[PDB]
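Residue numbers (the entry's author numbering), protein chains in the order written: chain B, 514 to 548, 572 to 660; chain F, 514 to 548, 572 to 660; chain J, 514 to 548, 572 to 660; chain E, 30 to 60, 63 to 135, 152 to 185, 187G, 188 to 309, 312 to 321, 321A, 322 to 358, 360 to 396, 408 to 459, 464 to 504; chain I, 128 to 135, 152 to 173; chain H, 1 to 30, 30A, 31 to 107; chain G, 1 to 35, 35A, 36 to 52, 54 to 77, 77A to 77D, 78 to 82, 82A to 82C, 83 to 100, 100A to 100L, 101 to 111; chain K, 1 to 35, 35A, 36 to 52, 54 to 77, 77A to 77D, 78 to 82, 82A to 82C, 83 to 100, 100A to 100L, 101 to 111. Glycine included, every Cβ here is placed at the ideal spot set by N, Cα and C. This report refers to the structure that appears directly beneath it.
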Amino acid sequence: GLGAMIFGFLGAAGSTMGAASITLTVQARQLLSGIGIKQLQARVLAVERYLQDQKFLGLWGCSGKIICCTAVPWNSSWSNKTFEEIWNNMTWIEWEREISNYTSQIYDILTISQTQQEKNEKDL
Amino acid sequence: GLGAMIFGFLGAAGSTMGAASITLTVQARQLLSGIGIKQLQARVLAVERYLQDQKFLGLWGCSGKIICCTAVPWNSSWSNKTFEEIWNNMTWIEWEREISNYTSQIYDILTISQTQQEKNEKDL
Amino acid sequence: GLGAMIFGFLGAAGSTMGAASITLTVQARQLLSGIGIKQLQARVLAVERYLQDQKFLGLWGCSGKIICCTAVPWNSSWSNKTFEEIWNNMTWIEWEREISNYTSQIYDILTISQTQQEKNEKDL
Amino acid sequence: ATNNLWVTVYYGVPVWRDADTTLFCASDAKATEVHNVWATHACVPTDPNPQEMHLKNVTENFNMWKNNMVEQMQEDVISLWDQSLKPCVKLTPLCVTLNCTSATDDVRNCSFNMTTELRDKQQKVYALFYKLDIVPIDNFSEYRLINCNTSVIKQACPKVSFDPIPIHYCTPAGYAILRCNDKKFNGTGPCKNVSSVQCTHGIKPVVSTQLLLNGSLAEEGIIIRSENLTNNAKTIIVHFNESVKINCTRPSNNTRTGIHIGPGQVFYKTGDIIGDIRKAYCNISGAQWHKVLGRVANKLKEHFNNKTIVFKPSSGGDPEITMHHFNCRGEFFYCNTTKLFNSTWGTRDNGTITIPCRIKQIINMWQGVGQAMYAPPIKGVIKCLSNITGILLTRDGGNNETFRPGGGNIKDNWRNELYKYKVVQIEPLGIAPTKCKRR
Amino acid sequence: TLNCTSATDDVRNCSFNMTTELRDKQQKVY
Amino acid sequence: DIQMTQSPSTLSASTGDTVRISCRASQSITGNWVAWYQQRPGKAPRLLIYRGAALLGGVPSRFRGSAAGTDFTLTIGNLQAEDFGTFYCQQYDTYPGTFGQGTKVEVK
Amino acid sequence: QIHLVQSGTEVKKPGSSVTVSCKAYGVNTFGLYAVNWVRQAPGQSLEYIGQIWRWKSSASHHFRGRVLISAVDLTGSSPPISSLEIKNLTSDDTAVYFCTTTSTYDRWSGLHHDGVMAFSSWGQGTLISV
Amino acid sequence: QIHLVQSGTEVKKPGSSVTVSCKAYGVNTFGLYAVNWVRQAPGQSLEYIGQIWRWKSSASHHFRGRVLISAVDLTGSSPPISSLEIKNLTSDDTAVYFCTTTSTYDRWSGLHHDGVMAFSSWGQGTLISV
Ligand SMILES: *[C@@H]1O[C@H](CO)[C@@H](O[C@@H]2O[C@H](CO)[C@@H](O[C@@H]3O[C@H](CO[C@H]4O[C@H](CO[C@H]5O[C@H](CO)[C@@H](O)[C@H](O)[C@@H]5O[C@H]5O[C@H](CO)[C@@H](O)[C@H](O)[C@@H]5O)[C@@H](O)[C@H](O[C@H]5O[C@H](CO)[C@@H](O)[C@H](O)[C@@H]5O)[C@@H]4O)[C@@H](O)[C@H](O[C@H]4O[C@H](CO)[C@@H](O)[C@H](O)[C@@H]4O[C@H]4O[C@H](CO)[C@@H](O)[C@H](O)[C@@H]4O[C@H]4O[C@H](CO)[C@@H](O)[C@H](O)[C@@H]4O)[C@@H]3O)[C@H](O)[C@H]2NC(C)=O)[C@H](O)[C@H]1NC(C)=O
Ligand SMILES: *[C@@H]1O[C@H](CO)[C@@H](O[C@@H]2O[C@H](CO)[C@@H](O[C@@H]3O[C@H](CO[C@H]4O[C@H](CO[C@H]5O[C@H](CO)[C@@H](O)[C@H](O)[C@@H]5O[C@H]5O[C@H](CO)[C@@H](O)[C@H](O)[C@@H]5O)[C@@H](O)[C@H](O[C@H]5O[C@H](CO)[C@@H](O)[C@H](O)[C@@H]5O)[C@@H]4O)[C@@H](O)[C@H](O[C@H]4O[C@H](CO)[C@@H](O)[C@H](O)[C@@H]4O[C@H]4O[C@H](CO)[C@@H](O)[C@H](O)[C@@H]4O[C@H]4O[C@H](CO)[C@@H](O)[C@H](O)[C@@H]4O)[C@@H]3O)[C@H](O)[C@H]2NC(C)=O)[C@H](O)[C@H]1NC(C)=O
Ligand SMILES: *[C@@H]1O[C@H](CO)[C@@H](O[C@@H]2O[C@H](CO)[C@@H](O[C@@H]3O[C@H](CO[C@H]4O[C@H](CO)[C@@H](O)[C@H](O)[C@@H]4O)[C@@H](O)[C@H](O[C@H]4O[C@H](CO)[C@@H](O)[C@H](O)[C@@H]4O[C@H]4O[C@H](CO)[C@@H](O)[C@H](O)[C@@H]4O)[C@@H]3O)[C@H](O)[C@H]2NC(C)=O)[C@H](O)[C@H]1NC(C)=O
Ligand SMILES: *[C@@H]1O[C@H](CO)[C@@H](O[C@@H]2O[C@H](CO)[C@@H](O[C@@H]3O[C@H](CO[C@H]4O[C@H](CO)[C@@H](O)[C@H](O)[C@@H]4O)[C@@H](O)[C@H](O[C@H]4O[C@H](CO)[C@@H](O)[C@H](O)[C@@H]4O[C@H]4O[C@H](CO)[C@@H](O)[C@H](O)[C@@H]4O)[C@@H]3O)[C@H](O)[C@H]2NC(C)=O)[C@H](O)[C@H]1NC(C)=O
Ligand SMILES: *[C@@H]1O[C@H](CO)[C@@H](O[C@@H]2O[C@H](CO)[C@@H](O[C@@H]3O[C@H](CO)[C@@H](O)[C@H](O[C@H]4O[C@H](CO)[C@@H](O)[C@H](O)[C@@H]4O)[C@@H]3O)[C@H](O)[C@H]2NC(C)=O)[C@H](O)[C@H]1NC(C)=O
Ligand SMILES: *[C@@H]1O[C@H](CO)[C@@H](O[C@@H]2O[C@H](CO)[C@@H](O)[C@H](O)[C@H]2NC(C)=O)[C@H](O)[C@H]1NC(C)=O
Ligand SMILES: *[C@@H]1O[C@H](CO)[C@@H](O[C@@H]2O[C@H](CO)[C@@H](O)[C@H](O)[C@H]2NC(C)=O)[C@H](O)[C@H]1NC(C)=O
Ligand SMILES: *[C@@H]1O[C@H](CO)[C@@H](O)[C@H](O)[C@H]1NC(C)=O
Ligand SMILES: *[C@@H]1O[C@H](CO)[C@@H](O)[C@H](O)[C@H]1NC(C)=O
Ligand SMILES: *[C@@H]1O[C@H](CO)[C@@H](O)[C@H](O)[C@H]1NC(C)=O
Ligand SMILES: *[C@@H]1O[C@H](CO)[C@@H](O)[C@H](O)[C@H]1NC(C)=O
Ligand SMILES: *[C@@H]1O[C@H](CO)[C@@H](O)[C@H](O)[C@H]1NC(C)=O
Ligand SMILES: *[C@@H]1O[C@H](CO)[C@@H](O)[C@H](O)[C@H]1NC(C)=O
Ligand SMILES: *[C@@H]1O[C@H](CO)[C@@H](O)[C@H](O)[C@H]1NC(C)=O
Ligand SMILES: *[C@@H]1O[C@H](CO)[C@@H](O)[C@H](O)[C@H]1NC(C)=O
Ligand SMILES: *[C@@H]1O[C@H](CO)[C@@H](O)[C@H](O)[C@H]1NC(C)=O
Ligand SMILES: *[C@@H]1O[C@H](CO)[C@@H](O)[C@H](O)[C@H]1NC(C)=O
Ligand SMILES: *[C@@H]1O[C@H](CO)[C@@H](O)[C@H](O)[C@H]1NC(C)=O
């Protein structure tokens, strides 16, 4: 995340997926070396929403890191679309518009998968 | 943690241990999809105490995750009690009342164990 | 980190390297059990700078933990100095004065190494 | 055996300590051209829907009389009242010699000097002030305003309203509020089905000296509350179980016209006074009133040794400490409640009890603690429907017993609605032993 | 304007005009 | 199911001294749940120690409790003359709470 | 502050019954406070008998089904008063009796633990001879 | 701002001794500032001699035990003045001498490094012939 307090910048929004992941990584590389009550109020809720989104990366085992892969069967009811179909014919905002009727259910399912994964290695 | 800024909710306090861990996990599952100076002051110290308790999960290798097992010999002087003794005949608040004369010493011993574990894999 | 909101204390600054790492670990051990607009403003920017430095430990795979070793070739142009040369004939502040013309480049290179490491295990 | 069980951290373990904080108020979606004092310039955030979680088989100890949720809300209500006042007006020119004698409730007829919007030209002003906002300083009598010893009175700045909308208290992140949800609950000692909540039920920040209005109802019992029943000085709260009706009206046209006292300072005051010219009344149906007072004396016999209960009236004196403070349309009634509390039970109608109400403009609403306020009369005939719900009874020090109705502290007025609640701190980082070897 | 001359450190003795808690009635102060 | 003992059984000292009593239980309670008492004979007990080492508001600062497993200590430094009398120990973990057999403190 | 008194010193007949009061001048209630009834044989160390604790009357297995305790809290003329009553006073029941209140509101103070508790403020002890 | 002057141009005898002043009009002290004594042979490049730095007098191994430097800081009539003194002026010591102060307060400025330092503000150079 690229801000004075740290939060991601829109690196190359109009770029289609296959280049935009590369620019997400180069976003990271340049971003961390680039790093009256209105200002205080705004950056306190910036802290609050930041710690919120890092707790979403916290409770999926992702520990506050990008490109964090977890083990969920991505249902064809959420999207029947093929990989290269969306990953070379689309950008990211219209795909978030596509699946904004599922995001609470996706956070639901990744949380059962993370607690299931840690409870199973808690067994093993 | 379940709050507007995120902090745990008391899921089923009166439930004895064996059910309460299951409800701790279901707490997690529902909790993250459920997610003038008095308000600002209160939530800033909410940030502060939250980052404090995640640094306690940070400095024990637990990385801000629940059910994080670490390697400490739990002394019988801290408690001689058997597992199923407390884990089926008790709830959590009275057990924290039992061992509130040890919590600083437990944080002490888990910190020597975490720095010992990372220094030993620093060797290996 | 040792503060009311949590941030490191200068354990034994005048101690040369070989003792100061040991005292860095003992700093940790004692530090976590030791744990009007001026106060609020100061500790909000304390939160902000803390979350900044833990995101630097976040984006290097270090996850907010001390003694976190990562895989970068440390160039002899950054320092041609031998290990025991600096690690027994120096303290830490004058070494940070030595390499303060490189710290942005070091953060640069550790970020390409962390994204390279996770993309390579993303392959494997 | 060996049983080498080891350490384990749990984040999120339900663990609480009976601690304290500052809370933040939170109303419903109503709040924009609305500037009432209680929930506009203090707390934007609105809570749409509750999330109350029951707790099974737990027994939490509650003690409302050593609670500081109510003392903390009392401080926020005083400071809230004042930071809703000081940017209003500030009528420093009324402390004059007042030329008052009545003309056709015989309140009085009072002219005096002012200053107009120009300073050198001077203003003579007509008004109608009441007997009790006036003191005799020593026909055509010469009086004074009652609050020219202490602080300067301000005006309400009439775009301010005073409708007591439901203010919730929601706790910040970290802390939870443990509601009782027990019936016939006394407010002291244990509670059986204490359930956690993020904000309270909507309390109405009403003020009323003698007896409580628009309260929440207890359901099955009527509840007697005190700090120390042996101590006669402590005010006994009596909480009903049926909403007793009251209708308070001033049935009198009194128009509001203004004077220019300063630049932008337009003092609003009474004018012509016609209609049904007598004292403003409140009416109370004797059936429900004597039924609930009979059940009140039944429960008070259940507390007070099964004795002979008399209800004397008040002790008289200063009619704010003594009488029934009331919060109708921007006007403040003191109703001599004498014929409501007069019995000896060890024989009245099923008809109607009518009590007079001397009304008041300049109120030191809280007894020195806070600041004053001029309350302008609105336009005329005013009807406010209210649910009288509580009583404040102070037993005296003398084979009989007495409940002289007096008030006490002002935070008392909310302790009928914050008995059920308790701010509680969560320490979520529990250290329990089980068998892992990880991390 | 302060009407001051001493009366029995010789600091001084000073009377002047004021306004009382009423505005039209006026106050003389020692 | 406890029959406690304490060390000593009868002890004497003088003013300005430092003195030690410990009590041992048959079990080994973990949560420091003990309480010690004193009385002059004919008066009532006075709770001076609850939960190992927590003192009251009113008990003098010279008293100190301490904890080691089963053996829990109380030390009196700078002993004052109005502190003599019988002490008693207390476990309060498994109902019923069985107490100590008393220790008289006098002057030789 | 808290203070405790009770009945005086009563000497009775073998095979009688006795009741001992407990007036708690300072207890805001016996809902949150709890009281404890403790004997003391002459010279011999103090022995627990019973308690009231959030209105659950209990006595020991050495006293079950013979000894009964009551409590009425704060009324007007009366402070919170408990009472210990014993039928069939043997020569063993010749003892000094004690009532003591404990504060059980702030649950992490450590004066109490799940029914059993450390006894905060004592009374005067009552001789009963048989 | 900071300015430096020193003594004039002195020509002496072989086998004499010389002292050269250093008046630092602008140095708040020589505790935190440090001064440096630098020669320069005629035409040949400048050569370091010695320094004072938090009151540790030092000279080079080319000058140890022969050349001595002093410094008294800010007094009333006097600015902070150092002084270079040499016994046995050879023909090699025929040179232009220099005093220079360096600011050594903000430790991460980089004008200094643990005793050796970059020389901030120079004087006028003094010819000494033998
Ligand atoms: C805020 O609001 C709160 C409401 O939510 C409110 O709480 C209420 O407070 C009142 C306060 O007074 C409470 O009322 C008291 O309740 C007490 C507890 O009663 C329970 O326990 C007793 C004893 O139980 C033992 O024995 C029975 C039978 O043997 C067993 O079943 C039990 O398991 C138990 O046995 C164990 O313990 C024994 C030792 O005691 C062992 O030996 C044994 O082996 C076991 O281990 C029971 O008797 C009670 O039964 C009652 O309820 C059952 C159903 O549950 C009914 O069937 C029955 O009819 C009873 O009503 C209950 O289980 C009582 O002690 C106390 O009683 C006094 O007052 C009542 C009036 O109602 C009298 O009838 C009674 O006699 C007592 O008065 C005596 O005591 C006072 C002082 O002690 C004396 O001054 C007085 O003169 C009188 O003494 C005389 O009578 C004695 C006989 O009783 C005699 O022996 C004496 O010698 C003398 O002659 C009272 O009822 C109420 O329960 C609370 N309710 C709730 C829901 O919380 C709170 O106060 C409010 N606070 C404020 C600040 O406003
Ligand atoms: C705030 O408070 C602070 C207090 O905490 C305060 O700090 C104090 O400030 C004062 C400021 O004046 C300091 O006092 C000065 O100290 C200077 C440093 O002295 C040290 O170093 C010299 C030199 O040491 C070399 O040689 C000796 C012996 O040969 C060796 O032992 C050394 O290791 C070192 O050798 C190395 O360096 C050589 C090159 O120089 C190499 O050749 C060599 O090979 C090595 O590499 C020592 O002599 C000093 O010794 C003193 O202390 C020892 C014990 O440590 C004693 O035994 C001994 O008696 C000495 O007292 C010390 O080690 C001094 O230079 C300086 O001296 C001047 O003033 C004193 C008065 O006290 C005179 O006696 C002295 O002669 C000096 O005056 C000369 O200089 C001025 C200007 O330069 C001239 O105007 C004046 O006329 C005079 O010149 C004449 O005399 C010369 C002979 O000295 C002669 O050659 C000239 O030609 C001319 O005729 C002074 O003492 C004090 O130390 C500070 N203290 C502390 C604790 O910090 C601070 O100022 C306050 N700030 C404010 C703003 O208020
Ligand atoms: C609700 O409101 C009631 C009404 O006031 C209040 O009750 C009062 O409580 C106070 C405690 O704060 C009581 O004061 C104590 O009373 C006892 C006994 O009092 C009885 O006897 C006297 C004399 O016969 C009568 O006047 C009285 O009416 C009672 O019948 C006294 O023993 C206490 O004395 C101690 O404190 C005194 C200072 O107040 C000193 O003299 C001294 O320090 C006493 O301590 C002594 O203790 C030992 C004896 O016990 C002795 O051996 C020691 O050496 C030591 O010297 C004290 O005066 C008062 O009587 C109560 N009054 C009434 C009418 O009930 C409740 O407390 C209040 N409750 C709450 C929750 O707020
Ligand atoms: C504490 O307080 C004292 C008291 O004031 C203060 O001392 C004064 O410091 C200032 C520096 O800020 C000094 O001003 C410099 O003085 C030198 C030499 O001054 C001596 O000689 C003159 C003339 O003979 C006497 O009047 C004087 O009393 C001294 O004996 C000058 O050379 C400096 O000139 C430079 O600046 C001038 C503007 O002020 C310009 O004329 C010009 O820019 C000069 O720069 C020139 O530098 C080269 C020569 O060095 C030349 O080749 C260049 O071409 C360039 O033109 C300057 O005037 C002042 O004399 C001190 N006075 C006293 C009484 O001590 C301390 O500074 C102060 N300390 C702190 C820490 O606050
Ligand atoms: C188990 O943990 C609990 C945690 O609360 C702990 O209770 C605490 O114990 C300490 C030590 O006994 C208490 O601190 C003392 O409190 C008494 C109360 O009267 C004070 O008199 C003391 O002050 C004196 O001593 C100070 C230090 O020398 C002096 O500076 C001072 O001037 C006084 O002379 C001191 O504050 C503390 O109050 C309790 N807290 C609670 C909530 O109970 C308990 O002791 C632990 N048990 C064991 C066995 O460790
Ligand atoms: C609460 O109000 C109810 C209804 O007004 C009262 O309930 C009556 O109680 C009496 C005796 O307790 C019964 O004989 C009646 O049958 C009840 N009414 C009904 C409709 O069933 C109740 O008494 C009030 N609470 C108290 C403590 O007085
Ligand atoms: C309060 O009660 C009085 C009872 O005296 C009401 O007076 C009656 O009002 C009605 C309607 O205005 C008239 O028809 C009756 O003639 C009045 N008198 C009686 C004796 O019933 C009064 O109106 C009530 N106030 C309100 C607001 O309803
Ligand atoms: C998609 O698959 C998941 C399997 O984890 C299932 O839970 C979910 O209900 C499916 N979607 C629908 C709409 O049924
Ligand atoms: C769309 O969904 C159906 C259901 O799985 C699937 O069979 C179909 O092939 C999908 N379309 C494409 C282009 O994959
Ligand atoms: C309990 O065991 C640990 C071993 O890590 C030891 O350090 C500690 O001192 C023991 N407890 C006591 C009271 O000695
Ligand atoms: C309590 O502690 C002692 C000491 O280890 C132990 O031997 C005993 O078995 C423990 N009690 C139980 C029930 O395990
Ligand atoms: C030092 O080595 C790194 C290799 O990662 C290189 O990128 C860097 O440019 C080198 N430094 C210089 C000054 O060339
Ligand atoms: C300094 O750098 C050069 C270049 O690598 C190296 O050869 C030399 O050995 C280094 N100095 C030391 C003491 O290692
Ligand atoms: C507690 O109150 C709730 C709501 O009033 C009710 O549903 C629940 O049954 C009660 N619990 C008990 C044990 O009665
Ligand atoms: C009490 O006031 C509420 C407020 O809307 C009202 O709905 C209710 O009808 C009143 N109670 C009675 C008995 O009229
Ligand atoms: C009361 O009298 C005034 C005087 O004109 C009038 O404007 C007002 O409407 C009257 N009130 C009612 C309810 O008619
Ligand atoms: C108060 O007014 C309401 C309706 O306005 C009526 O139902 C009720 O009977 C009135 N009460 C009295 C005491 O007049
Ligand atoms: C007091 O009154 C109630 C109901 O009238 C009755 O049940 C009770 O027995 C009376 N008290 C006494 C001591 O008789």
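Limits of the unbroken alpha helix (DSSP H) element including residue i
i: F:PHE592; result: 573-592
i: F:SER534; result: 530-547
Alpha-carbon to alpha-carbon, residue j and residue i
i: E:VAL255; j: E:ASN377; result: 7 Å
i: K:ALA71; j: K:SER58; result: 12 Å
i: E:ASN160; j: E:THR388; result: 39 Å
i: E:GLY473; j: G:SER77; result: 21 Å
i: H:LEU73; j: H:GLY41; result: 23 Å
Under 7 Å from the C-beta of residue i: neighbouring residues of chain F
i: E:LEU494; result: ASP589 and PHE592
Closest Cα partner of residue i within the set the options
i: E:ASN94; options: E:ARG227, E:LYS356 and E:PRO313; result: E:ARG227
i: E:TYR484; options: E:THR37, E:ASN156 and E:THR248; result: E:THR248
i: E:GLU83; options: E:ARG409, E:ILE225, E:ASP230 and E:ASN92; result: E:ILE225
i: G:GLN39; options: H:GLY99, H:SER65, H:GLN90 and H:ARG63; result: H:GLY99
Interface residues of chain J facing residue i [CB-CB closer than 8 Å]
i: F:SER649; result: Here the premise fails: no neighbours, minimum Cβ distance about 10 Å.
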